[PDB]
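*Asks:* After the structure tokens below, expect a handful of questions from me.
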Amino acid sequence: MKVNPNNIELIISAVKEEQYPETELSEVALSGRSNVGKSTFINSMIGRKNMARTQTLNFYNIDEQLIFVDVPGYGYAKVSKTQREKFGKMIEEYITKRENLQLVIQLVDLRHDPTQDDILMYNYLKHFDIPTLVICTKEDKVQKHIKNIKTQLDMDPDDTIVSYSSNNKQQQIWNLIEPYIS
């Protein structure tokens, strides 16, 4: 679609719905285990580097056409019940309130099985009928590895699953997003 690099900026890093941006723009949230795998994906998708930072939901304005919301990675344990609950509430606040949210991209590593965290996250999203595009990353390094994830996820048939290298697959992904964007 009409997506230009350098018409991209971090609007705000937020915590509460109080600190979120008010806009008319559709929001695609990005979720997965790792902050680093997700940052690389955003940068690969926009054709920049050191745009995506790394805590916070980071709201990136994508050329006044959509917002990409980087959701803190769920893969790293905390110990503090306060820290745990603070994270859990941040996600739930976003997913259940945010009227702007139209689609979640979940990043899973194509090399391995999905973690229990990946499975529970996908099932959290299905409980609220959030449309979900599962992207299987680090594709270089397929066919059986994708089905392994789809089955372990137990995917809704309305949801798509696709493979990716963080070039080639960026326009396919923009075409899957586009119906969810206004």
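Going by the structure tokens order, chains are called A, B, ..., each with residues numbered from 1, while ligands are numbered from 1 in the order shown.
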Which residues are near residue 59 of chain A? Cut-off 6 Å, only C-alpha atoms, ignore same chain within fewer than 3 positions. Put them as a PyMOL selection string.

*Replies:* chain A and resi 10-12+68-69

*Asks:* Tell me, as a list in words, which residues lie within 6 Å of segment 16-33 of chain A, counting only C-alpha atoms; anything in the same chain fewer than 6 positions away does not count.

*Replies:* residues 66, 67, 68, 69, 70, 71, 73, 74, 75, 100, 101, 102, 103, 104, 105, 106, 107, 181 and 182 of chain A

*Asks:* Step one, run DSSP on the backbone; step two, keep only residues of segment 21-156 of chain A assigned to helix (DSSP H, G or I); then write them as a PyMOL selection string.

*Replies:* chain A and resi 35-46+81-97+116-127+143-153

*Asks:* Which residues are near segment 146-156 of chain A? Cut-off 10 Å, only C-alpha atoms, ignore same chain within fewer than 4 positions. Put them as an MDAnalysis selection string.

*Replies:* chainID A and resid 108:116 118:123 126 129 131:132 134:136 139 142 160:163

*Asks:* Using only N, CA and C atoms, please write the residues we just selected to a file, as an mmCIF file, in the first residue's frame.

*Replies:*
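In the end it all went to part-v4.cif:
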```cif
data_model
loop_
_atom_site.group_PDB
_atom_site.id
_atom_site.type_symbol
_atom_site.label_atom_id
_atom_site.label_comp_id
_atom_site.auth_asym_id
_atom_site.auth_seq_id
_atom_site.Cartn_x
_atom_site.Cartn_y
_atom_site.Cartn_z
ATOM 1 N N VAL A 108 6.133 -15.681 15.940
ATOM 2 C CA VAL A 108 6.622 -16.950 16.456
ATOM 3 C C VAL A 108 7.841 -17.363 15.623
ATOM 4 N N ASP A 109 8.833 -17.992 16.279
ATOM 5 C CA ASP A 109 10.072 -18.451 15.660
ATOM 6 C C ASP A 109 9.789 -19.734 14.863
ATOM 7 N N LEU A 110 9.995 -19.655 13.534
ATOM 8 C CA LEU A 110 9.742 -20.761 12.610
ATOM 9 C C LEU A 110 10.641 -21.972 12.890
ATOM 10 N N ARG A 111 11.882 -21.742 13.359
ATOM 11 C CA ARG A 111 12.837 -22.790 13.716
ATOM 12 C C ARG A 111 12.262 -23.775 14.737
ATOM 13 N N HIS A 112 11.658 -23.253 15.820
ATOM 14 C CA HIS A 112 11.205 -24.062 16.947
ATOM 15 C C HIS A 112 9.680 -24.199 16.974
ATOM 16 N N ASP A 113 9.211 -25.063 17.884
ATOM 17 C CA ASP A 113 7.831 -25.091 18.340
ATOM 18 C C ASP A 113 7.435 -23.736 18.955
ATOM 19 N N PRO A 114 6.122 -23.406 19.041
ATOM 20 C CA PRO A 114 5.654 -22.271 19.858
ATOM 21 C C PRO A 114 5.821 -22.598 21.339
ATOM 22 N N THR A 115 6.143 -21.585 22.152
ATOM 23 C CA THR A 115 6.229 -21.763 23.599
ATOM 24 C C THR A 115 4.816 -21.830 24.173
ATOM 25 N N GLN A 116 4.729 -22.243 25.438
ATOM 26 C CA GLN A 116 3.469 -22.218 26.168
ATOM 27 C C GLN A 116 2.935 -20.773 26.195
ATOM 28 N N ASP A 118 3.407 -18.413 23.841
ATOM 29 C CA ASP A 118 2.827 -18.186 22.516
ATOM 30 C C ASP A 118 1.424 -18.782 22.375
ATOM 31 N N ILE A 119 1.190 -19.942 23.010
ATOM 32 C CA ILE A 119 -0.054 -20.685 22.899
ATOM 33 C C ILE A 119 -1.127 -19.963 23.717
ATOM 34 N N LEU A 120 -0.812 -19.662 24.987
ATOM 35 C CA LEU A 120 -1.650 -18.861 25.863
ATOM 36 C C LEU A 120 -1.936 -17.468 25.293
ATOM 37 N N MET A 121 -0.952 -16.787 24.668
ATOM 38 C CA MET A 121 -1.220 -15.480 24.056
ATOM 39 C C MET A 121 -2.219 -15.592 22.909
ATOM 40 N N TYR A 122 -2.007 -16.535 21.995
ATOM 41 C CA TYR A 122 -2.938 -16.761 20.915
ATOM 42 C C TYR A 122 -4.330 -17.087 21.481
ATOM 43 N N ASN A 123 -4.427 -17.930 22.509
ATOM 44 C CA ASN A 123 -5.730 -18.229 23.131
ATOM 45 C C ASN A 123 -6.341 -17.033 23.876
ATOM 46 N N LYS A 126 -8.041 -15.085 21.061
ATOM 47 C CA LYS A 126 -9.242 -15.745 20.544
ATOM 48 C C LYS A 126 -10.459 -15.566 21.459
ATOM 49 N N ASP A 129 -12.114 -12.420 20.354
ATOM 50 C CA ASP A 129 -12.274 -12.380 18.901
ATOM 51 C C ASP A 129 -11.454 -11.254 18.251
ATOM 52 N N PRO A 131 -8.896 -10.353 15.536
ATOM 53 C CA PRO A 131 -8.258 -10.883 14.321
ATOM 54 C C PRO A 131 -6.735 -10.967 14.480
ATOM 55 N N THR A 132 -6.134 -12.117 14.111
ATOM 56 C CA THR A 132 -4.740 -12.412 14.427
ATOM 57 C C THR A 132 -4.036 -12.934 13.171
ATOM 58 N N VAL A 134 -0.579 -14.627 12.287
ATOM 59 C CA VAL A 134 0.584 -15.259 12.876
ATOM 60 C C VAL A 134 1.659 -15.191 11.812
ATOM 61 N N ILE A 135 2.812 -14.591 12.154
ATOM 62 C CA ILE A 135 3.959 -14.518 11.269
ATOM 63 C C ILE A 135 5.073 -15.373 11.892
ATOM 64 N N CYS A 136 5.601 -16.329 11.091
ATOM 65 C CA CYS A 136 6.640 -17.253 11.515
ATOM 66 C C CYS A 136 7.995 -16.752 11.034
ATOM 67 N N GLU A 139 12.903 -17.201 8.539
ATOM 68 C CA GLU A 139 12.428 -18.255 7.647
ATOM 69 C C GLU A 139 13.598 -18.996 6.992
ATOM 70 N N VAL A 142 10.298 -25.430 6.353
ATOM 71 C CA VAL A 142 9.241 -24.368 6.248
ATOM 72 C C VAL A 142 7.877 -25.032 6.409
ATOM 73 N N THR A 160 -4.885 -16.136 9.278
ATOM 74 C CA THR A 160 -3.784 -16.501 8.394
ATOM 75 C C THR A 160 -2.524 -16.746 9.219
ATOM 76 N N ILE A 161 -1.635 -17.596 8.652
ATOM 77 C CA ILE A 161 -0.287 -17.877 9.123
ATOM 78 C C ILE A 161 0.623 -17.772 7.902
ATOM 79 N N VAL A 162 1.795 -17.123 8.042
ATOM 80 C CA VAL A 162 2.736 -16.858 6.935
ATOM 81 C C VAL A 162 4.167 -16.938 7.473
ATOM 82 N N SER A 163 5.155 -17.218 6.598
ATOM 83 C CA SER A 163 6.564 -17.252 6.961
ATOM 84 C C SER A 163 7.242 -15.968 6.510
#
```

*Asks:* Which residue out of A:9, A:117, A:178, A:158 has the minimum interatomic distance to residue 76 of chain A when only C-alpha atoms are used?

*Replies:*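 The closest residue to residue 76 of chain A is A:117.
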
*Asks:* With only C-alpha atoms as the basis for distance, which of A:128, A:87, A:94, A:164 is at the shortest distance from residue 40 of chain A?

*Replies:*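 So, comparing all the options, the nearest one is A:164.
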
*Asks:* Could you pull the residues within 7 Å of residue 165 of chain A, counting only C-alpha atoms, minus those fewer than 4 positions along the same chain, as a PyMOL selection string?

*Replies:* chain A and resi 137-140

*Asks:* With only C-alpha atoms as the atoms that count, which of A:176, A:36, A:46, A:125 lies nearest to residue 63 of chain A?

*Replies:*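 The shortest atom-to-atom distance to residue 63 of chain A comes from A:46.
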